[PDB]
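Residue numbers (the entry's author numbering), protein chains in the order written: chain A, 1 to 90; chain C, 2 to 89; chain B, 1 to 88. To keep things clear, I will list the structure first and then write my remarks on it.
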Amino acid sequence: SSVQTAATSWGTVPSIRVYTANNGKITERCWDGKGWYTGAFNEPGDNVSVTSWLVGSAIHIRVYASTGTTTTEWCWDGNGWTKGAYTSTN
Amino acid sequence: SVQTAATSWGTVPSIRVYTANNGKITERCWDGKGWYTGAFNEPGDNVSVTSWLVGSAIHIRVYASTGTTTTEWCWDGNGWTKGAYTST
Amino acid sequence: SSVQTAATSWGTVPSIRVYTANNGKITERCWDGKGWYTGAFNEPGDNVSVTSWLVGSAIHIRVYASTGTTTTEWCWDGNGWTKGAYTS
Ligand SMILES: CO[C@@H]1O[C@@H](C)[C@@H](O)[C@@H](O)[C@@H]1O
Ligand SMILES: CO[C@@H]1O[C@@H](C)[C@@H](O)[C@@H](O)[C@@H]1O
Ligand SMILES: CO[C@@H]1O[C@@H](C)[C@@H](O)[C@@H](O)[C@@H]1O
Ligand SMILES: CO[C@@H]1O[C@@H](C)[C@@H](O)[C@@H](O)[C@@H]1O
Ligand SMILES: CO[C@@H]1O[C@@H](C)[C@@H](O)[C@@H](O)[C@@H]1O
Ligand SMILES: CO[C@@H]1O[C@@H](C)[C@@H](O)[C@@H](O)[C@@H]1O
Numbered sequence: 001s002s003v004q005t006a007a008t009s010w011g012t013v014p015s016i017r018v019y020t021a022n023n024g025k026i027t028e029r030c031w032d033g034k035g036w037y038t039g040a041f042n043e044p045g046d047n048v049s050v051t052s053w054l055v056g057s058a059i060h061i062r063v064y065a066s067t068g069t070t071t072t073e074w075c076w077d078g079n080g081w082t083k084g085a086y087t088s089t090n
Numbered sequence: 002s003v004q005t006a007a008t009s010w011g012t013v014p015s016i017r018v019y020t021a022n023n024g025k026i027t028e029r030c031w032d033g034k035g036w037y038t039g040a041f042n043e044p045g046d047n048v049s050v051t052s053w054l055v056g057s058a059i060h061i062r063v064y065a066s067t068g069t070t071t072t073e074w075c076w077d078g079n080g081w082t083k084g085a086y087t088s089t
Numbered sequence: 001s002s003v004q005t006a007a008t009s010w011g012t013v014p015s016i017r018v019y020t021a022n023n024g025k026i027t028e029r030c031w032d033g034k035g036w037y038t039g040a041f042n043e044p045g046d047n048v049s050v051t052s053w054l055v056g057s058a059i060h061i062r063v064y065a066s067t068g069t070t071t072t073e074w075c076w077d078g079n080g081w082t083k084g085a086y087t088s
């Protein structure tokens, strides 16, 4: 009955990204200091986790989206979302 | 099962673990010298958290969800306040 | 139903650890720059969260595994996983 979220942040402003799994879809809300807005990330999933790291000022985000026993990694490296190499044998 | 979320900062470290249990989220805290129950108390069934340092000051954001509504709670050095977060 | 995951990362390679809870078993997949591999972590739980911090170049990881209302902390401090003092 309740949605499931994952959050990450970086720098001191900060920037924040909050991912929500709702009815099989994961969407993203974003803060960069002046208001929340809807982000580009939109992929299937019933469960989400996230981690991120900086290289200098460049953010790198990895979102782990799961449906059933299948987890797909999605990558942001400054220039759009792409599927990552992660696999598991769940 | 209960649902948890964890964050940490520095090198001591400090850790905060948030647990959703039967619609209530509570907080356990480590600052190097034993666990204790923190001030955070808010309703929710699922929880996530992030935190960042500004120099030596910690800032924490906890995202508490009930049904389709997620409420953000903010620690900025003196109590927890409702944040600007909204979602559709 | 779906598996439930938690993730942490460190440094600039980076290293990543992803924990998956699946029918009461939590396992770990690891990235250190050249491929994913299955890590040493194997503990029971229906829910998992994680946090980590560097002390110099040394990674320290805390995984919070829950079954019912009992959360167990598992600690990586450089040479295997040990149970932690976290209580709630
Ligand atoms: C600039 O794009 C915004 O920030 C990136 C870091 C991602 O979170 C993306 O989905 C979002 O729309
Ligand atoms: C370069 O490879 C990409 O980034 C790494 C840090 C990992 O997240 C990997 O699975 C992904 O495909
Ligand atoms: C000093 O207060 C303790 O630490 C803060 C950073 C918060 O986690 C608060 O809820 C907790 O009671
Ligand atoms: C200053 O605004 C507060 O802190 C920001 C970093 C965000 O968490 C925002 O939603 C919150 O209301
Ligand atoms: C070197 O060992 C690998 O990395 C450690 C940091 C842990 O994640 C461990 O479970 C994993 O097998
Ligand atoms: C040294 O103590 C160990 O590490 C601390 C950072 C905590 O995670 C504690 O519960 C654990 O037993």
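Just so it is clear, CB atoms sit at the ideal spot from N, CA and C, and this is done for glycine as well.
Leaving out five residues before and five after residue i in sequence, what residues of the same chain have Cβ atoms less than 8 angstroms from its Cβ?
{"i": "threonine 5 (chain B)", "result": "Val18, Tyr19, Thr20, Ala21, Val48"}
{"i": "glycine 80 (chain C)", "result": "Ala40"}
{"i": "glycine 24 (chain C)", "result": "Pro44, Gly45, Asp46, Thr67"}
{"i": "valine 50 (chain B)", "result": "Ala6, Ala7, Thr8, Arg17, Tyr19, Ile61, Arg62, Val63, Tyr64"}
Can you grab the Cα-Cα spacing for the pair residue i / residue j, in whole Å?
{"i": "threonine 82 (chain C)", "j": "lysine 34 (chain B)", "result": "43 angstroms"}
{"i": "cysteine 75 (chain B)", "j": "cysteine 30 (chain A)", "result": "32 angstroms"}
{"i": "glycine 56 (chain C)", "j": "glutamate 73 (chain B)", "result": "29 angstroms"}
{"i": "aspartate 32 (chain A)", "j": "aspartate 32 (chain B)", "result": "30 angstroms"}
When we look at the beta-carbon of residue i and count the other beta-carbons within 10 Å, is it buried (16 or more) or exposed?
{"i": "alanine 65 (chain C)", "result": "buried"}
{"i": "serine 1 (chain A)", "result": "exposed"}
Round the Cβ separation of residue i and residue j to the nearest angstrom and send it over; I've been treating them as touching at under 8 angstroms.
{"i": "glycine 45 (chain B)", "j": "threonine 67 (chain B)", "result": "5 angstroms"}
{"i": "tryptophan 36 (chain A)", "j": "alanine 7 (chain C)", "result": "The pair is not a contact, with the Cβ atoms about 24 angstroms apart (cut-off 8 angstroms)."}
{"i": "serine 52 (chain A)", "j": "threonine 71 (chain A)", "result": "About 17 angstroms; that fails the 8 angstroms criterion."}
{"i": "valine 3 (chain B)", "j": "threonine 69 (chain A)", "result": "6 angstroms"}
Less than 6 angstroms between C-beta atoms, sequence neighbours within five positions excluded: which residues of the same chain meet that for residue i?
{"i": "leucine 54 (chain C)", "result": "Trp10"}
{"i": "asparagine 90 (chain A)", "result": "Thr69"}
{"i": "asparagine 42 (chain A)", "result": "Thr27"}
Go through its chain and collect everything with a Cβ distance to residue i's Cβ below 7 angstroms, but skip five positions before and after it.
{"i": "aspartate 77 (chain C)", "result": "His60"}
Original post:
Does the stretch 11-24 of chain A come close enough to the stretch 60-76 of chain C to have 3 or more Cβ pairs within less than 8 angstroms?
Top reply: yes
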